[PDB]
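Each value in this text was obtained by applying a stated rule to the coordinates, not by laboratory testing. Here the Cβ positions follow ideal geometry from the backbone for every residue, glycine too, while neighbour counts run over all protein chains shown.
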Amino acid sequence: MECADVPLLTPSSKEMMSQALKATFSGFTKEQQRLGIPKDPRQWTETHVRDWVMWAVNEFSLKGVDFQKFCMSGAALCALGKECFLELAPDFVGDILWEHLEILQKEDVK
């Protein structure tokens, strides 16, 4: 068990979000509060969802997201589920966003 610098998985596809996303999540969620944007997703507007949508995206330079495919009100954002969301973006980006989607809600995940 390496505790100094813990090795995870093969840094090709997902390891990027593993280190980058899970750490960076505090970024939007911090200004989310500032923007008066509710911490959870299931009550967002199309604006709030897309804000957070393009955030994990713009961080990763996933900036080829179809904002129209990403037209979710927060309840819709939630309603899609992983299945839909990841088909709703590139399979990495959907889960990238889906992670933070889950992360926003993980602040109250039970």
In the range 65-88, is there at least one residue being small (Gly, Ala, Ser), more than 15 Å from residue 104 (Cβ to Cβ) and in a loop (DSSP other than H, G, I, E, B)? no
A careful count of residues in the range 1-44 that are without any contact (Cβ under 8 Å) to a residue 60 or more places away in the chain, surrounded by fewer than 16 Cβ atoms within 10 Å (Cβ to Cβ) and assigned to a loop (DSSP other than H, G, I, E, B) gives 16
Can you pull out the residues in the range 98-110 that are surrounded by 14 or more Cβ atoms within 10 Å (Cβ to Cβ) and either over 10 Å from residue 82 (Cα atoms) or small (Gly, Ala, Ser) (or both)? 100, 103, 104, 105
Of residues in the range 86-97 being in contact with a helix residue (DSSP H, G or I) (Cβ under 7 Å, 6 or more places away or on another chain) and closer than 19 Å to residue 16 by Cα, the one surrounded by the most Cβ atoms within 10 Å (Cβ to Cβ): 97
Subset of the range 84-97 [within 8 Å of the chain's Cα centre (by Cα) and more than 14 Å from residue 69 (Cα to Cα)]: 95, 96
Report the residue count in the range 45-77 for those that are over 12 Å from the mean Cα position of the chain (by Cα) and either surrounded by fewer than 19 Cβ atoms within 10 Å (Cβ to Cβ) or basic (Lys, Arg) (or both). 14
